Amino acid sequence: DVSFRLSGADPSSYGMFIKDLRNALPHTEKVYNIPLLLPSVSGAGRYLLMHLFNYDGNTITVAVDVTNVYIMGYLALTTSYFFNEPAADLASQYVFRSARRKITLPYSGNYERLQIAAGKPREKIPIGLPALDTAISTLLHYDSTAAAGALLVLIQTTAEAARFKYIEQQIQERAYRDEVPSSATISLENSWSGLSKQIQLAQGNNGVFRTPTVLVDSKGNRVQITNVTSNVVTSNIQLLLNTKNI
Ligand SMILES: *[C@@H]1O[C@H](CO)[C@@H](O)[C@H](O)[C@H]1NC(C)=O
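When we follow the entry's author numbering, the leftmost residue of the sequence shown carries the number 1, and every step to the right adds one.
Here it is in structure tokens:
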């Protein structure tokens, strides 16, 4: 398991949590020095538990699929909540079995469905450590509309930060003040699967992407990533989705 406490949290303790999260994801291989997530894992070993504590010390446990860093569901007190999708339904066979009741959320876990449920795109939702504290608090008491927004925050400040150093840093910059994600942040989130794939395809293609990946940079400018010498590959991305899952 990995843990993070918002009480007394700072950029350093958050960085340690994101390091712990990355290190809890198994791999047998690196591709261009980036851990390659496994094609599959069987049984309960597929799911990592993140223990998150809000400022007042209340807690939820979030279940993460270790092959793709997707949040499957979470436990709040004696109630479990899972996304309305087959991967989460399967996860419900292995985690939070001792919950007194299980609620299936009225949406799947993808950004499009969560944004619909929440009533807004995540371009408009502030993220940061304060937003994470709020998210945890919201998820403690069932409200499916409020939960969608909280889950958008949760996913970005945990999974997306684990996947990209740039995103981890953006959240560190928002340790004490929330701010909507940069366009670059959104672009990276949207491109994780594409980049993971193209980095793997570059292995037998002299480090060259078969298909370029278009991103937005820090300065708001749209850029083409064509090969593994780009900073996105050498510095930023920290985990690759196995091409067998793409
Ligand atoms: C590869 O990407 C680098 C870094 O962005 C770029 O400067 C260069 O023109 C590209 N080289 C090749 C061989 O594609």
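Where a beta carbon is used, it is the ideal one built from N, C-alpha and C, also for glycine.
Query raised in the report: Looking at C-alpha atoms only, which residue of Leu-151, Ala-162 and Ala-202 is the closest neighbour of residue 268?
Result: Coverage of the chain is limited to positions 1 through 246, which leaves residue 268 absent and any answer about it impossible.
Query raised in the report: Cα separation between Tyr-70 and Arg-163?
Result: Each residue's alpha carbon lies about 11 Å from the other.
Requested in this report: Just confirm the distance between the C-beta atoms of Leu-240 and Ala-175, as a whole number of angstroms; I'd bet it's less than 8 Å.
Outcome: Contact between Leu-240 and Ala-175 does not hold, since their C-beta atoms are separated by about 28 Å, which reaches or exceeds 8 Å.
Query raised in the report: Between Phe-96 and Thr-104, what straight-line distance do the alpha-carbon atoms span, to the nearest angstrom?
Result: 13 Å
Requested in this report: Work out the CA separation of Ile-225 and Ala-99 for me, nearest whole Å.
Outcome: In a straight line, the C-alpha of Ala-99 is about 45 Å away from that of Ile-225.
Query raised in the report: Span of the beta strand (DSSP E) holding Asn-227?
Result: 222–227
Requested in this report: Using the DSSP secondary-structure output, state which residues sit across from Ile-60 in a beta bridge.
Outcome: For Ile-60, which the question treats as bridged, DSSP gives the partners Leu-52 and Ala-76.
Query raised in the report: Would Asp-65 pass as a contact of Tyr-47 if the rule is Cβ separation under 8 Å?
Result: In contact: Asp-65 and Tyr-47 (Cβ atoms closer than 8 Å).
Query - Reduced DSSP category for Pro-130 - H, G, I as helix; E, B as strand; rest coil - result: helix
Query raised in the report: For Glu-160, is the classification buried or exposed, using 16 other Cβ atoms within 10 angstroms of its Cβ as the cut-off for buried?
Result: The residue is buried, with at least 16 neighbouring Cβ atoms inside 10 Å.
Requested in this report: Going by CA-CA distance only, name the one from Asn-33, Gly-149 and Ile-18 that's closest to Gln-169.
Outcome: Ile-18
Query raised in the report: Which first and last residues belong to the beta strand (DSSP E) in which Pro-39 is found?
Result: Segment: none, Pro-39 is in no beta strand (DSSP E) and carries neither H nor E.
**Report entry** Contact set for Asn-54: own chain, Cβ-Cβ below 6 Å, skip 5 residues either direction
**Finding:** Answer for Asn-54: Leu-6, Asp-133, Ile-136 and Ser-137, listed in chain order.
Report task. With hydrogens ignored, establish whether the beta-carbon of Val-2 is closer than 7 Å to any heavy atom of ligand 1. Result -> No - ligand 1 has no heavy atom lying nearer than 7 Å to the Cβ of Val-2.
Query - Extent of the continuous alpha helix (DSSP H) to which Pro-86 belongs - result: 86–91
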